[PDB]
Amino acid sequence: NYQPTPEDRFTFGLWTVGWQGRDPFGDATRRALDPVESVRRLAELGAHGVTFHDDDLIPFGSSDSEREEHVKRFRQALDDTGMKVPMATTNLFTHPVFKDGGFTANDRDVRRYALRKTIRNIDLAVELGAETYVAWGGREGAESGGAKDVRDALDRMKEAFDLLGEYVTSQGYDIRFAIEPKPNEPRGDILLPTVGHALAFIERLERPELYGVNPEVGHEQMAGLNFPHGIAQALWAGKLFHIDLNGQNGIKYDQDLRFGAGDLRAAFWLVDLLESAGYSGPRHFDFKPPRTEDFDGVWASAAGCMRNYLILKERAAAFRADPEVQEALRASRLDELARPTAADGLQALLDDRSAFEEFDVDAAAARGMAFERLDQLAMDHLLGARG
């Protein structure tokens, strides 16, 4: 079973299945993919849609004429398949001009160029139906302490995003921005390194309602953080506009393994959260088929992304629907966590002797939380061993 269909909202970046396998120590192991072929092959696997950087679709430095022919070909393929383009983004990291950043490059003329390059692709993104425009500032940062005044850099970053929002607002576009955090690589430290830092920064923008986050499983895991917890906080703030799904084995370089690889239990708790919170955005895969693979392995790895999501969804639904799990949740007082601590108010709390003067601290301390039995039920459900 576990066959994906378009209703599952699975999307892929052109740059994922199209990764040629060049890494810091090795040349490409696969030939380039025509974006048209990717659209058609992904349609046939059950995907909902594709996403793109400007430079994935239009080779850098293309004339106005060549650009229009690349776009018309791609549009033809989308029209033939019904495939959607829910998200687009800008490549502000590959070309050598961006070696010190785009929006926060020390050189002012690079920052202006970065903004104009971005603005041009927003126009295309909106024409193609994108609802979210992602910004990953992979070159915004430093290898050394004196190279970047971080307060000035944040001024410039706020300036850039404020201008993008003025632009979308002035055009009447119905598109929103999502900032994708990453703690490091390819810069020694990248600005806004986690979901938390990006959420804080959004609250200083002129129009914070236009901006949310695009968290990536493996990126938060490169800081050793709990990805489901961070997604919970982004949901709680109302800012989970988009999400990048993949796998990562711990704190090391950015692996971009297929979703479900890496930390499998984190993947389980992630799917449980997304589904029980009713997240309705794309399930987007930002992953790289390992460079050991040929083109058959590329499509196997892509199918595996969707397969693992669908299996985990099933196990998480079975977990929450199990009356034994519901009983375990009550034994662990998850339901008391949802009750307000003091809806009776501050004065009532202060005058309540049962909350302090007469509180039996030893009796309360003695109560087991019963968390291990609950977690073993979760393990049994994940492994399909409830029998």
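Note that residue numbering follows the sequence shown and begins at 1.
Once the C-alpha B-factors are averaged per stretch, 71 to 79 and 117 to 125 rank with 71 to 79 first. When the two stretches 246 to 254 and 166 to 174 are set side by side, the higher mean Cα temperature factor goes to 166 to 174. Going by the entry's values, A366 shows the largest Cα B-factor out of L377, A366, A370, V17. By the numbers in the PDB entry, the CA B factor is greatest at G278 among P186, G212, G224, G278. Residue-level temperature factors show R353 in the highest third of its chain, judged at the C-alpha atom. Among the modelled residues of its chain, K148 has a C-alpha B-factor that falls in the highest third, as given in the PDB entry. Ranked against the other modelled residues of its chain, the C-alpha B-factor of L337 as given in the entry falls in the middle third. Ranked against the other modelled residues of its chain, the C-alpha B-factor of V50 as given in the entry falls in the middle third.
In the PDB entry, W136 places in the lowest third of its chain by CA B-factor.
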